[PDB]
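Derivation of every value follows stated rules applied to the coordinates shown; laboratory data play no part. Heads up, the Cβs are rebuilt from the backbone with ideal geometry, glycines too, and the neighbour counts pull from every protein chain shown.
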Amino acid sequence: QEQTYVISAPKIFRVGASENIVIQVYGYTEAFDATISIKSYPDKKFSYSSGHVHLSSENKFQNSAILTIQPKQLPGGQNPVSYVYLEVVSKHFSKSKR
Amino acid sequence: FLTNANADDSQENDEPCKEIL
Amino acid sequence: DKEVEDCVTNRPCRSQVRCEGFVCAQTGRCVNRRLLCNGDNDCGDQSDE
Amino acid sequence: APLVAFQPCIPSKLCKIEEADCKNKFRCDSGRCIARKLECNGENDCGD
Amino acid sequence: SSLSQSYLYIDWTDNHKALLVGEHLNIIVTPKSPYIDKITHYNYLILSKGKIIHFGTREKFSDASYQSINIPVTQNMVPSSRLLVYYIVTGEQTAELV
Amino acid sequence: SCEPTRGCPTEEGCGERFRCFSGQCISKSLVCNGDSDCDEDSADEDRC
Ligand SMILES: [Ca+2]
C-alpha cells in the first residue's frame, strides 16, 4: 500500500451550491492528473459537473476542484433524486461513492 | 472521504445532534 | 583463493534501508511491530520478547 | 470453452430486497431466524 | 483508537472565546506516531458553514516539529468555523488515515 | 526499460472490513473468533 489517496467532500451535497472538493495523493514522485466528477445515480449517465486537476511536487500533490449540481439538470419527477455519485478517475486510480 | 488507506465513513450514520458550543 | 584489505573512503554511502518495524538488538532483523510479545522468538535471538 | 459468461456493469435500478424482521424468532449472526426455544440451549443451533 | 497507534493531536484549547476577524490564528499540531520518518507533512482543511473554504499542507522541520496552522481568520468564517487536520502514513506494507 | 503512458494501479482499502496483513479483507465478525480466519499469518487473532 505504498501509494495512497484521499478525496474529501461535504457529508451532503447541496444542489445549486459551489461545493469545493480536496484531493491529496501520497507515495507519488512523477506528476499526473485526475478528474473529480459528479455523476447521476444509479446510472452514471449524466456528468453534472467535472473538474480536471494536476498533481505534482510543485502542488505538494494536493489540489481542489469546485463542482456543482445545477438544480435544473436533475431529472425531477414526482419523488426527487436523493443520491448522486462522486467519482474520481486518474492514472493509477478510480473509485466512486454515493 | 474516499481513500484507499483502509477506512470508510459508510460505517457511520447520523444522530439528531445536540452537543452545544 | 581471495585476499582483502582496508581503505580510506572518499565516496558517499546510503546502506541503511529503514525499518518501520522493530530492529532486533543482536541480529539486526526488522520484525513487524505486531510480532512483539506473541510469546515467540521472531528476532532469531529472542530480542522481540 | 465456458457455457456461461459474466461482465461487470453499471446498473440502472435500485435494490428492493427486505430485512428479516422475523417476529418472535431469534436472528442468528448469519441472519437465520431460528426458533426462540434454541436461545441459550447449550448446543450450537445457529452454526455461528 | 488508532489501529496503527499513529495519532495527530491538535494542541489548541478549544476556546469558547472568539478569534477576531482577520487575525493570525496560530495552532500547533503534533503528529505522534511509530512512523514519523514518513510523515513529511500533515494537511489541513478549514470548514465554514458546509464548505471546505481553505485547505493546505504543513511540513516537517529538522527538529521533528511541524509548521503550525498560521492562517488569517478571513471573512468567510465569521459565525464559526471548524478545523480538520489529517495525514496518511505507511508501515512496512499497511497504511492508516490519521 | 520504458517510460509508461499507462500508470501503475493502486490497491483499494478494506473499508469497514478488517484488513489482514497480506492485503486481504475479512469480516469484523472473524476478528478474535478463536480461529485463524486470515490465511497465512493471522492478524485477526492478535492481542485479544
Ligand atoms: Ca515475537
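Return the long-range amide H neighbours of E:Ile53 (sequence gap of 5 or more, or a different chain), with a cut-off of under 5 Å between placed amide H atoms.
Those qualifying (amide H under 5 Å, at least 5 residues apart or on another chain) are E:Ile46, E:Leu47, E:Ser48.
Taking the simple approach of a point 7 Å from Cα along Cα-to-Cβ for both D:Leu3 and D:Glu43, what is their distance in nm?
3.9
Could you give the size of the charge dipole of the protein assembly as shown about its Cα centre, using +1 on the Cβ of each K and R and -1 on the Cβ of each D and E, expressed in debye and rounded to the nearest 20?
Rounded to the nearest 20 debye, it is 2280 debye.
As I understand it, the dipole of the protein assembly as shown uses +1 on the Cβ of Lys and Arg and -1 on the Cβ of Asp and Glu, about the Cα centre. Which of A:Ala65, B:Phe1, A:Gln24 lies farthest toward its positive end?
A:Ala65
If you put +1 on each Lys and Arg Cβ and -1 on each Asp and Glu Cβ, how big is the dipole of the range E:1-59 around its Cα centre, in Debye rounded to 20?
200
Shielding by partners for C:24-32, please: the mean number of other protein chain Cβ atoms within 10 Å of each residue's Cβ.
1
What ranking of F:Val31, A:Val6, C:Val4 emerges when the number of other C-beta atoms within 10 Å of each C-beta is taken as an exposure proxy, fewest first?
Ranked by crowding around the Cβ, least crowded first: C:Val4, F:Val31, A:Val6.
Starting at the first residue of the range D:32-44, write each ³J(HN,Hα) from the Karplus equation 6.51 cos²θ - 1.76 cosθ + 1.60 with θ = phi - 60°, in whole Hz, x for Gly and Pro.
3J(HN,Hα) across the range D:32-44, in whole Hz: 4, 7, 6, 5, 5, 3, 8, 5, 6, 6, x, 10, 5.
Out of F:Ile26, F:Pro4, F:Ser42, whose Cα points farthest toward the positive end of the dipole of the range F:1-44 (charges: +1 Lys, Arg; -1 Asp, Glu; placed on Cβ)?
Selected residue: F:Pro4.
Evaluate the charge dipole of chain A about its Cα centre and quote only its size in Debye, nearest 20, assuming +1 on the Cβ of each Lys and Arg and -1 on the Cβ of each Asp and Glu.
The calculation lands at about 460 debye.
Say the cut-off is 20 Å between C-alpha atoms; which of A:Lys39/A:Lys60; A:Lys45/A:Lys95; A:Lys44/A:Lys95; A:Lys72/E:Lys51; A:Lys39/D:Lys13 go over it?
The pairs that break the limit, which is 20 Å between Cα atoms, are A:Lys39/A:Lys60; A:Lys72/E:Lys51.
Got a sec? How would C:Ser47, F:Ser1 order by Cβ neighbour count within 10 Å, fewest to most?
So the ranking, lowest neighbour count to highest, is F:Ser1, C:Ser47.
Run the quick spin-label model on C:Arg18 and B:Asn13: label points 7 Å from Cα toward the beta carbon, then report their separation in nm to one decimal.
The two pseudo-label positions are separated by 4.2 nm.
Rounded to whole Hz and in sequence order, give me ³J(HN,Hα) for the range A:17-29 from the Karplus expression 6.51 cos²θ - 1.76 cosθ + 1.60, θ = phi - 60°, writing x for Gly and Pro.
Along the range A:17-29, the couplings run 10, 7, 4, 9, 10, 8, 10, 9, 10, 9, x, 9, 9 Hz.
Rounded to whole Hz and in sequence order, give me ³J(HN,Hα) for the range A:67-72 from the Karplus expression 6.51 cos²θ - 1.76 cosθ + 1.60, θ = phi - 60°, writing x for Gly and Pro.
Karplus-based 3J(HN,Hα) across the range A:67-72 equals 9, 8, 9, 6, x, 6 Hz.
Across peptide A:75-86, what mean number of C-beta atoms from other chains lies inside 10 Å of a residue's C-beta?
Per residue, the number of nearby Cβ atoms from other chains is 0 on average.
Is the shape of the range A:4-98 rounded, prolate or oblate, going by the alpha carbon gyration tensor and its root eigenvalues a ≥ b ≥ c, with a/c under 1.5 for rounded and a/b larger than b/c for prolate?
Here the range A:4-98 falls in the prolate category.
Counting partner chain Cβ atoms within 10 Å of every residue's Cβ in E:85-91, what's the average?
That works out to 6 on average.
For the range D:21-48 and the range E:24-98, what is the centre-to-centre distance using only Cα atoms, to the nearest Å?
Value for the Cα centre distance between the two parts: 48 Å.
Roughly what would the spin-label model give for E:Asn76 and C:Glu3, points 7 Å off Cα along C-beta, in nm?
Output for this residue pair reads 7.4 nm.
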